[PDB]
Structures are given as structure tokens and as C-alpha cells.
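Visitor: Below are the C-alpha cells for one structure; questions will follow.
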Amino acid sequence: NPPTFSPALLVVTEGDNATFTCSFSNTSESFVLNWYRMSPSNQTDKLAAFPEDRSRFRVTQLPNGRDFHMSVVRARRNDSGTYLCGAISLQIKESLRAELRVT
Amino acid sequence: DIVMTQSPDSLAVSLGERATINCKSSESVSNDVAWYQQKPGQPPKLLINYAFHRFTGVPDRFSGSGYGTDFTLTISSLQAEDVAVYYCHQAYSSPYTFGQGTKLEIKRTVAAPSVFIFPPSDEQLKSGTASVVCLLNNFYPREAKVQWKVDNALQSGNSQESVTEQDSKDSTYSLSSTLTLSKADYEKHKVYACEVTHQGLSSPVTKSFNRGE
Amino acid sequence: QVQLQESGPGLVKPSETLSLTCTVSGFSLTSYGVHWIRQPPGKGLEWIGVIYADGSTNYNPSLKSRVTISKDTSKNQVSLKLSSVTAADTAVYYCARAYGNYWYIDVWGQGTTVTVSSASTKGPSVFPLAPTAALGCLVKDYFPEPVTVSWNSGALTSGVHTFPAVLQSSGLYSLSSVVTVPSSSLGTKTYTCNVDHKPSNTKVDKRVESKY
């Protein structure tokens, strides 16, 4: 069972927030999910991860424990691209991709 | 300074078999670890980023794993072009140290060396020294004895051997012995031979060549 | 394309400062980080430092107070300066691009071998190795390293075997490059080696066919 990444398409304007929802909760509950931006030539570019890998892309967990809000604060026009949320079981599972548009 | 320690210093699995490489960090470098492949002479090449995702244009036979201080690089079916050194790299905190590399070499059947001998060119002969080269090509294993004979006189202390790394096409090696002599001495003798002793040769092969003809 | 072309002097006198450069092409130099890496003879990779898009740098604690990494954005170049050089700095320096918000080294440079020595440069002598069949070229008595030989401008990769250089009793280096080709092409196809010795600006295209 892989993670989810909704909505499939997210059209926001230039300046406001943009938030996706990565729904994932495995059979072990010992997981660390990443938030990568896929390049036009299939070369992921990690943005953030939960728990916050300390070393504008927010990652907050909801009370249900299965949904995670991945937010792009003050979405710039260059942020339009492909995004996905991976999941690592302590093994990796990539969620379905999704598009992000910024008018 | 986080210490990246690759456990299998030298790995020599057979052709087409699984081949994994471990790289353990002395501290939490949790998922900012990249793998690199490097061949003799050429610069490094990236294979895995973030320890799981494989780079674009990278064969599917490559896989990565690990989230704490336990990282691994796996090759489903080892290919001849996979012979190289594999370095891991941490990007968690400074000084973003690297590993020490794991030499990945192919194991195969025994092969006899194709021997070739070359006389010195009239260009070098016009400068005093004269170099004669013997060429052991596409053989296995690496251990191979080469002998030098000039007018049936066993040469010693004047040659220099050089061996290539594991070939990336048929997983073989190559050796080149270079006997360096002065022109006066090169013109004072006539028969120059190169005797090659090897595991794949029941009797040592010899390559004779006489000056002039 | 995405590239990193390094260039520097082949020789460096002891106690002097080594100057290097990494001319970039392909990506916005003000949007990616360049990391310098060292590779001592017969050893692994060692990180020298970084330079981000803002213009701030992080250096290796063991190399600090001697390293200087700057960049000329109006020239797309990254410079590396190593003062009070010793014999330990002799290595192959590599500049590399950093990709991602949580960066990783994706593209690497071609490399630049630095030989910290007092002895001057020495151009190599290219002699033929005229004769499946074999042929080659002999690169002898050069200093310092390296010598990068190719065949037919790189189009002839099959059956090429460039041996590692060997130190000589005189103190110079020497290597031999060979090629295995079929006898049916010995007459029709042209085989030439390209010996490039950067420390002395010596390029040598050599035709090797036969003798009588």
C-alpha cells in the first residue's frame, strides 16, 4: 500500500499558500515520509520531510495520523511543477504524482 | 566529523549475481546519502540520491536503502560494465564526508593472454634509447609472468611492467612489459623474444622478432 | 547540457599558493552550489568545501585557513585557492554542482591533477607501436602527470587499453596505449592516437599504420 498525494491538480495564484495532503499510515507506524519535487527530466528534488529533517515548504501532521499537510507558503510562479510524497519503512513507497499551477 | 565506513573493502562476486555494498555512518546522516561510481581515469558518476531514488539514466539493476546509520547499494544482476569503485556520501552536516570506496570486481573463467611484441621505432632509435614492448591482452587472472630474452640472454632489471584494470567488456586484464635498452646495445644483438607464462597456457608462449626483417 | 570544466596549472611549487578555476555552462550559477573535492593518488574522495548561491562558503576544518572559494558570477566561474602548499596537496581536484533544497552532488567536473613539485615540466615523446591484430602509441619521459590518450578523437573506444603510467629511474613517467583491430581493416581504416599533456601544452595526433 503506497501513500496518496491529493489533489491531483492544484491551481493557486501568485502569492498565496498551496497545500497538498499526503495520506499514509503503514502496518508498523515507524515511518519517515519525504516531499520531493520531480524535475522535467525525472530527477527528484527533496523539499521537506516528516519528522523535520533539521539540516517555505511546511509539513504538518493532522490528528488522524494518516494525513499530512504539505504547504508551499507564498507560492512563487517558478514553483509550478511536479510533486510527490515518498514513504520510507524502517523500503520506500512513492505516492501518486500531482501537478501544481501558479497563475 | 561523521565517519562513513563501507564494510566490504573489496567485493568480487560472479557475473550476473547479486552484489550489495554496505556503508555505515558513525552518526545520524538519516537520508541525505548519495552513491557514486568511478572508473579508472574517469570522474565519479552518481547512481542513488536521498539513498533511495535512482538518478535518471541509471540502470534499473541499481537499488539503494537505509535511513539511519545503515545504508546499502544493491545490484540485481551484475554486468561487466559495473566494475568500478563505489563511494557513498553524506550531506547531513559538515564536513559532508565521503566513504573510502568499495572495489567491485568481476569473477570469471580462465583465459589465455593474446601476446604481441613491438620493435622500437626508427624515431626513438635516433635518440639513443630503444624500447621494446610486449603486450598481454584479454587474459584472466591478473597474475601472469613475463620473460625477456635477447639473443637467448635472460633480461633482468631493465624492463617495466604495467597492468590495466579489469576490462569493462569481457572482464579481463591487460599487461604491457617494456624493455628499455640503448641503441648501441639494441643494434649489437639480433633476436629479441618475449616469453609469457600464465595459468591459461600449458607451455609459455614466445614471440620472436629479428632486427631488419 | 550541464557541465563543469576545470583548468589550472599542471605544476605547483612548494610553499606557493595553488590557483584553480571551474568554468560553468548549462545552469544558473546563482541558483546551484559548487563543491570542491580532492582525490589523492590512489585514495578516495575528500570534500574541500562548498559555495552556495548567496555567496557564503563552508570549508573543511582540516583545510580551513588555507582554502579560499569565491565565484565570478559575471564569468560563470568558481575559484579555489590553496596557500602554503605542501607535498600533501598533490591530488586531483574536482568541482561539482549541488542539486536540491536538501542538496546532493549530481554533476561532476573533469578533474585537474595537481603535482606539488620543484622540478619543471617535461613534454612527452610520442613513438609509434606499429605491427585480431594490435597497434598502439608509446608516451615516454614526461612530467608531471597525467597523459590522456584517445583514438580517432574518441570514436574508437572498442578494444582500447590505456595502461597506468610508470615512474622511471630518471624520475619521469611513461605509459603505452594499445588497440586491438581486425586485419581486414588494417589497410582501409585509419588509426591515430591523441596524446594530450596539459602541463606542457602538448597535443600529439599520431598515425600508426605499418613498416616494410
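Ordered as shown in the C-alpha cells, chains take letters A, B, and onward, while each chain numbers its residues from 1 and ligands are numbered from 1 in the order shown.
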Find the spatial neighbours of residue 28 in chain A, counting only C-alpha atoms, within a cut-off of 12 Å - ignore same-chain residues fewer than 6 positions away - and output them as a list in words.
Guide: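 The residues satisfying every condition are residues 88, 89 and 90 of chain A.
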Visitor: Distance limit 7 Å, atoms considered: only C-alpha atoms. Which chain A residues sit that close to chain C? Return them as a VMD selection string.
Guide: chain A and resid 45 to 47
Visitor: Using DSSP assignments from the backbone, pull out every residue in range 18-97 of chain A that falls under strand (DSSP E) and give it to me as an MDAnalysis selection string.
Guide: chainID A and resid 18:23 31:38 44:50 57:61 67:72 81:89 92:94
Visitor: Closest to chain B among C:70, C:57, C:185, C:120, using only C-alpha atoms?
Guide: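 That would be C:57, the residue with the smallest distance to chain B.
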Visitor: List the neighbours of residue 169 in chain B out to 9 Å using only C-alpha atoms; skip same-chain residues closer than 4 positions along the sequence, and give me the result as a ChimeraX atom specification.
Guide: /B:80-81 /C:158-159
Visitor: If we count only C-alpha atoms and set the cut-off at 7 Å, which residues sit around residue 180 in chain C, ignoring sequence neighbours fewer than 6 positions away in its own chain? Please answer as JSON, numbers by chain.
Guide: {"C": [132, 133, 134, 135, 159, 160]}
Visitor: Starting from chain A, keep only residues with some atom at most 7 Å from an atom of chain B, counting only C-alpha atoms, and report them as a PyMOL selection string.
Guide: chain A and resi 42-43+55+91
Visitor: Now that the selection is made, can you save its residues with N, CA and C atoms as a tab-separated table (two decimals), in the first residue's frame?
Guide:
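For reference, part35.tsv as written:
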```tsv
chain	number	residue	atom	x	y	z
A	42	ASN	N	12.96	13.76	-14.71
A	42	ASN	CA	12.86	12.72	-13.68
A	42	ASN	C	14.08	12.65	-12.76
A	43	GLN	N	14.31	13.75	-12.04
A	43	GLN	CA	15.39	13.81	-11.04
A	43	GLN	C	14.75	14.57	-9.88
A	55	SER	N	18.69	19.52	9.36
A	55	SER	CA	19.68	20.04	8.41
A	55	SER	C	19.09	20.88	7.28
A	91	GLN	N	13.28	-0.02	2.25
A	91	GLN	CA	11.92	0.00	1.71
A	91	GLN	C	11.39	1.42	1.55
```
Visitor: Report as a PyMOL selection string the set of chain C residues whose atoms approach chain B to within 8 Å, with distances computed over only C-alpha atoms.
Guide: chain C and resi 43-47+49+58-61+102-111+127-131+134+161-166+176
Visitor: Would you export the selected residues with N, CA, C and O atoms as a compact mmCIF listing (two decimals), in the first residue's frame, please?
Guide:
```
# COMPACT_ATOMS: atom_id res chain seq x y z
N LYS C 43 43.74 7.10 -3.69
CA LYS C 43 42.92 7.25 -2.50
C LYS C 43 41.51 7.65 -2.91
O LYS C 43 41.21 7.83 -4.10
N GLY C 44 40.63 7.80 -1.92
CA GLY C 44 39.25 8.14 -2.16
C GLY C 44 39.00 9.62 -2.35
O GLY C 44 39.90 10.41 -2.61
N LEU C 45 37.72 9.98 -2.22
CA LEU C 45 37.27 11.35 -2.39
C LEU C 45 37.23 12.07 -1.04
O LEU C 45 36.81 11.50 -0.04
N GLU C 46 37.68 13.32 -1.04
CA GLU C 46 37.72 14.14 0.16
C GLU C 46 37.14 15.51 -0.16
O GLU C 46 37.56 16.17 -1.11
N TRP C 47 36.15 15.92 0.64
CA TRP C 47 35.46 17.19 0.46
C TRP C 47 36.33 18.38 0.87
O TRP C 47 36.94 18.37 1.95
N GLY C 49 35.15 21.87 0.27
CA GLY C 49 34.31 22.98 0.66
C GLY C 49 33.20 23.21 -0.34
O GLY C 49 33.14 22.56 -1.38
N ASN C 58 31.44 27.19 3.14
CA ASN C 58 31.71 26.28 4.24
C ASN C 58 32.96 25.51 3.85
O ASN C 58 33.04 25.00 2.73
N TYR C 59 33.94 25.43 4.75
CA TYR C 59 35.18 24.74 4.44
C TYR C 59 35.43 23.56 5.36
O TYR C 59 34.82 23.42 6.43
N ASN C 60 36.36 22.72 4.93
CA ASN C 60 36.76 21.57 5.72
C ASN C 60 37.59 22.05 6.91
O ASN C 60 38.56 22.78 6.71
N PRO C 61 37.23 21.67 8.14
CA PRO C 61 38.03 22.13 9.29
C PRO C 61 39.50 21.81 9.17
O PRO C 61 40.34 22.58 9.65
N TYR C 102 17.62 20.04 -0.27
CA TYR C 102 18.37 19.18 0.62
C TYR C 102 19.33 18.63 -0.42
O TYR C 102 19.12 17.57 -1.02
N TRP C 103 20.40 19.39 -0.65
CA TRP C 103 21.39 19.16 -1.68
C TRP C 103 22.05 17.79 -1.71
O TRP C 103 22.10 17.06 -0.71
N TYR C 104 22.56 17.46 -2.90
CA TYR C 104 23.29 16.25 -3.23
C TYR C 104 24.11 16.59 -4.47
O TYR C 104 23.68 17.38 -5.31
N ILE C 105 25.30 16.00 -4.56
CA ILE C 105 26.22 16.25 -5.67
C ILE C 105 25.81 15.41 -6.87
O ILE C 105 26.01 14.20 -6.87
N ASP C 106 25.26 16.05 -7.90
CA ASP C 106 24.81 15.32 -9.09
C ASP C 106 25.84 15.29 -10.22
O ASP C 106 26.26 14.21 -10.65
N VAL C 107 26.26 16.45 -10.72
CA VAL C 107 27.20 16.54 -11.84
C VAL C 107 28.60 16.83 -11.31
O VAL C 107 28.77 17.66 -10.41
N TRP C 108 29.59 16.16 -11.89
CA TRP C 108 30.99 16.30 -11.51
C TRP C 108 31.80 16.95 -12.63
O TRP C 108 31.38 17.00 -13.79
N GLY C 109 32.98 17.44 -12.25
CA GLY C 109 33.89 18.05 -13.19
C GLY C 109 34.79 17.01 -13.83
O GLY C 109 34.77 15.83 -13.49
N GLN C 110 35.61 17.47 -14.77
CA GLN C 110 36.52 16.56 -15.45
C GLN C 110 37.72 16.20 -14.59
O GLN C 110 38.32 15.13 -14.78
N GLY C 111 38.08 17.05 -13.65
CA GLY C 111 39.22 16.79 -12.80
C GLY C 111 40.46 17.53 -13.27
O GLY C 111 40.62 17.85 -14.46
N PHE C 127 56.03 7.92 -29.66
CA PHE C 127 56.63 6.97 -30.59
C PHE C 127 55.58 5.95 -31.00
O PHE C 127 54.72 5.58 -30.19
N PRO C 128 55.60 5.48 -32.24
CA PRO C 128 54.60 4.51 -32.68
C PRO C 128 54.86 3.10 -32.17
O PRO C 128 55.95 2.74 -31.73
N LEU C 129 53.80 2.30 -32.23
CA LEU C 129 53.77 0.89 -31.84
C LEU C 129 53.18 0.08 -32.98
O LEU C 129 52.29 -0.76 -32.80
N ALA C 130 53.67 0.35 -34.19
CA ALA C 130 53.17 -0.31 -35.38
C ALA C 130 53.45 -1.81 -35.34
O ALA C 130 54.45 -2.26 -34.75
N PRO C 131 52.58 -2.63 -35.95
CA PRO C 131 52.70 -4.08 -36.02
C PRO C 131 53.29 -4.56 -37.34
O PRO C 131 52.73 -5.48 -37.95
N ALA C 134 47.08 -6.03 -33.22
CA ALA C 134 47.25 -4.95 -32.27
C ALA C 134 48.16 -3.86 -32.81
O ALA C 134 48.97 -4.07 -33.72
N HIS C 161 43.14 0.09 -24.64
CA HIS C 161 43.71 -0.26 -23.34
C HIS C 161 44.82 0.72 -23.00
O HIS C 161 45.96 0.55 -23.44
N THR C 162 44.49 1.75 -22.22
CA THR C 162 45.46 2.75 -21.79
C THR C 162 46.01 2.31 -20.43
O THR C 162 45.29 2.34 -19.42
N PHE C 163 47.26 1.87 -20.42
CA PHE C 163 47.90 1.39 -19.20
C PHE C 163 48.21 2.54 -18.24
O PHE C 163 48.34 3.69 -18.65
N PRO C 164 48.35 2.23 -16.95
CA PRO C 164 48.71 3.27 -15.99
C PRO C 164 50.16 3.66 -16.16
O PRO C 164 51.02 2.84 -16.50
N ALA C 165 50.45 4.94 -15.94
CA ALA C 165 51.81 5.43 -16.09
C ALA C 165 52.74 4.74 -15.11
O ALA C 165 52.32 4.27 -14.04
N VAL C 166 54.02 4.68 -15.47
CA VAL C 166 55.05 4.05 -14.66
C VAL C 166 56.17 5.05 -14.42
O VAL C 166 56.67 5.68 -15.36
N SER C 176 51.84 3.44 -22.17
CA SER C 176 51.60 2.92 -23.51
C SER C 176 50.11 2.67 -23.70
O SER C 176 49.46 2.09 -22.83
```
Visitor: Could you tell me how far CA of residue 148 in chain B lies from CA of residue 191 in chain C, in Å and to one decimal?
Guide: 28.4 Å
Visitor: Work out how far apart CA of residue 149 in chain B and CA of residue 198 in chain B are and give it in Å to one decimal.
Guide: 17.0 Å
Visitor: Go ahead and compute the interatomic distance for CA of residue 82 in chain B and CA of residue 22 in chain B, in Å to one decimal.
Guide: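 About the pair CA of residue 82 in chain B and CA of residue 22 in chain B: they are 16.4 Å apart.
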